[PDB]
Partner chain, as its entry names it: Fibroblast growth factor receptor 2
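One chain is shown next in C-alpha coordinates, namely the form solved without the partner chain.
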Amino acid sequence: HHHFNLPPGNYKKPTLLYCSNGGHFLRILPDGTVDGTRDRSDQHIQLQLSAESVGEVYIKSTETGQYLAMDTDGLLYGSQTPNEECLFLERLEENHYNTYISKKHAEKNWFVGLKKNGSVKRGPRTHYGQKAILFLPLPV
(Lines give C-alpha, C1' and ligand atoms only; values in the text may rest on other atoms or scores of the structure.)
Protein backbone atom coordinates (compact mmCIF):
# COMPACT_ATOMS: atom_id res chain seq x y z
CA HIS A 1 0.00 0.00 0.00
CA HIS A 2 2.77 2.45 0.89
CA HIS A 3 6.53 2.98 0.61
CA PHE A 4 8.84 1.96 3.42
CA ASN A 5 11.34 4.83 3.77
CA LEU A 6 11.62 5.16 7.58
CA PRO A 7 12.85 8.16 9.61
CA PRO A 8 16.15 7.66 11.47
CA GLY A 9 15.01 8.55 14.93
CA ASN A 10 14.27 6.18 17.79
CA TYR A 11 11.69 6.07 20.62
CA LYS A 12 14.05 5.95 23.57
CA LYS A 13 12.76 9.28 24.80
CA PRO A 14 9.60 11.42 24.66
CA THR A 15 9.18 13.95 21.89
CA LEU A 16 7.23 16.94 20.63
CA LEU A 17 5.77 16.70 17.10
CA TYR A 18 6.19 20.05 15.35
CA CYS A 19 4.23 20.78 12.19
CA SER A 20 5.96 23.16 9.79
CA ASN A 21 2.69 24.18 8.19
CA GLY A 22 1.64 26.76 10.79
CA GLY A 23 4.41 26.06 13.29
CA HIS A 24 2.29 24.19 15.83
CA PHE A 25 3.10 21.31 18.24
CA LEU A 26 0.54 18.48 18.16
CA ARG A 27 -1.51 18.51 21.37
CA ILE A 28 -3.86 15.97 23.00
CA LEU A 29 -6.01 17.70 25.65
CA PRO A 30 -7.34 15.92 28.78
CA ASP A 31 -10.87 15.94 27.40
CA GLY A 32 -9.84 14.01 24.30
CA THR A 33 -9.65 16.97 21.87
CA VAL A 34 -6.65 17.06 19.49
CA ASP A 35 -5.24 20.30 18.04
CA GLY A 36 -1.99 22.17 17.79
CA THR A 37 -0.47 24.99 19.87
CA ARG A 38 2.54 27.28 19.48
CA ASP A 39 3.11 27.31 23.22
CA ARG A 40 6.17 25.18 23.88
CA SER A 41 5.44 25.28 27.60
CA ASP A 42 2.10 23.43 27.21
CA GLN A 43 1.98 20.21 29.25
CA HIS A 44 -0.12 18.40 26.66
CA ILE A 45 2.29 18.44 23.74
CA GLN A 46 4.76 15.93 25.30
CA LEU A 47 4.28 12.60 23.50
CA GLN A 48 5.83 9.14 23.66
CA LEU A 49 6.05 6.98 20.59
CA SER A 50 6.41 3.22 20.74
CA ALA A 51 6.75 0.66 17.98
CA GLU A 52 4.25 -2.18 17.73
CA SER A 53 5.90 -3.45 14.56
CA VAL A 54 8.62 -1.93 12.46
CA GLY A 55 7.26 1.32 11.07
CA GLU A 56 3.98 1.13 13.02
CA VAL A 57 3.56 3.33 16.09
CA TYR A 58 1.35 4.43 18.90
CA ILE A 59 1.60 8.09 19.82
CA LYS A 60 0.67 8.77 23.39
CA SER A 61 0.25 11.68 25.73
CA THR A 62 2.79 11.46 28.52
CA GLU A 63 0.72 13.76 30.72
CA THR A 64 -2.61 11.91 30.37
CA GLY A 65 -1.87 8.42 29.07
CA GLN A 66 -4.20 8.94 26.08
CA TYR A 67 -3.48 7.50 22.64
CA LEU A 68 -3.75 9.54 19.43
CA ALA A 69 -6.41 7.89 17.29
CA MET A 70 -8.23 8.67 14.02
CA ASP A 71 -11.93 7.79 13.85
CA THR A 72 -14.12 6.45 11.09
CA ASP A 73 -14.83 9.88 9.64
CA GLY A 74 -11.19 10.89 9.83
CA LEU A 75 -11.18 13.02 13.00
CA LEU A 76 -8.39 12.73 15.53
CA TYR A 77 -9.24 12.04 19.16
CA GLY A 78 -7.53 10.97 22.41
CA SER A 79 -8.37 7.31 23.22
CA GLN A 80 -8.14 5.96 26.78
CA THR A 81 -7.21 2.48 25.52
CA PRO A 82 -5.19 1.23 22.53
CA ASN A 83 -7.36 0.12 19.61
CA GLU A 84 -7.04 -0.32 15.80
CA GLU A 85 -7.59 3.38 15.31
CA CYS A 86 -4.45 4.22 17.30
CA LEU A 87 -1.85 2.64 14.99
CA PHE A 88 0.00 4.85 12.54
CA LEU A 89 2.49 4.12 9.77
CA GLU A 90 5.45 6.40 10.54
CA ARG A 91 7.38 7.25 7.39
CA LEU A 92 10.05 9.65 6.13
CA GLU A 93 8.80 12.33 3.66
CA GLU A 94 10.75 14.67 1.40
CA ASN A 95 13.89 12.91 2.72
CA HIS A 96 13.51 14.74 6.03
CA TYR A 97 10.13 14.96 7.76
CA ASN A 98 8.05 12.35 9.60
CA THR A 99 4.48 11.64 8.38
CA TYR A 100 1.87 9.52 10.11
CA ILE A 101 -0.64 7.56 8.09
CA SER A 102 -3.67 5.96 9.71
CA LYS A 103 -3.07 2.22 9.52
CA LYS A 104 -6.81 1.46 9.59
CA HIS A 105 -7.38 3.92 6.69
CA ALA A 106 -4.04 3.46 4.94
CA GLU A 107 -5.66 2.59 1.60
CA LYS A 108 -7.26 6.06 1.58
CA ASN A 109 -4.05 7.91 2.47
CA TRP A 110 -5.50 9.56 5.62
CA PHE A 111 -2.72 11.35 7.54
CA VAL A 112 -2.25 13.07 10.81
CA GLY A 113 -2.12 16.79 9.86
CA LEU A 114 -2.39 20.32 11.27
CA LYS A 115 -3.77 23.28 9.31
CA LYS A 116 -2.12 26.69 9.38
CA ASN A 117 -4.58 27.86 12.04
CA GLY A 118 -3.76 24.99 14.36
CA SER A 119 -6.85 22.88 13.87
CA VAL A 120 -6.53 19.20 12.86
CA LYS A 121 -7.11 18.47 9.15
CA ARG A 122 -9.72 15.67 8.65
CA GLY A 123 -8.40 12.43 7.14
CA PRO A 124 -10.01 12.63 3.70
CA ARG A 125 -8.80 16.29 3.38
CA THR A 126 -5.15 15.24 3.79
CA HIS A 127 -2.88 13.93 1.03
CA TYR A 128 0.72 13.59 -0.09
CA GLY A 129 2.08 17.01 -1.11
CA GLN A 130 0.68 19.09 1.72
CA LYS A 131 2.63 20.88 4.37
CA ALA A 132 -0.13 19.99 6.93
CA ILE A 133 1.18 16.42 7.07
CA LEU A 134 4.87 17.19 7.67
CA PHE A 135 6.19 16.84 11.20
CA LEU A 136 9.57 17.21 12.81
CA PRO A 137 10.15 15.39 16.08
CA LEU A 138 11.79 17.72 18.66
CA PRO A 139 13.26 17.02 22.11
CA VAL A 140 11.27 18.00 25.18
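Numbering follows the first chain given and starts at 1.
Look at the C-alpha B-factors of 79 to 87 and of 56 to 64. On average they run higher in 56 to 64. In this entry, the higher average B-factor at the C-alpha atoms falls on 6 to 14, of the pair 126 to 134 and 6 to 14. Looking at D31, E94, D71, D35, the one whose CA carries the top B-factor in the deposited record is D31. For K103, the recorded CA B-factor ranks within the lowest third of the chain. Only modelled residues enter the ranking. Sort the modelled residues of the chain by CA B factor and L47 lands in the middle third.
The discussion below concerns the form solved in complex with the partner chain, not included here.
Mapping the unseen interface onto this chain, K115 counts among the residues with a heavy atom inside 4.5 Å of the partner chain in the deposited bound form. Contact check for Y97: a heavy atom falls within 4.5 Å of the partner chain in the deposited bound form.
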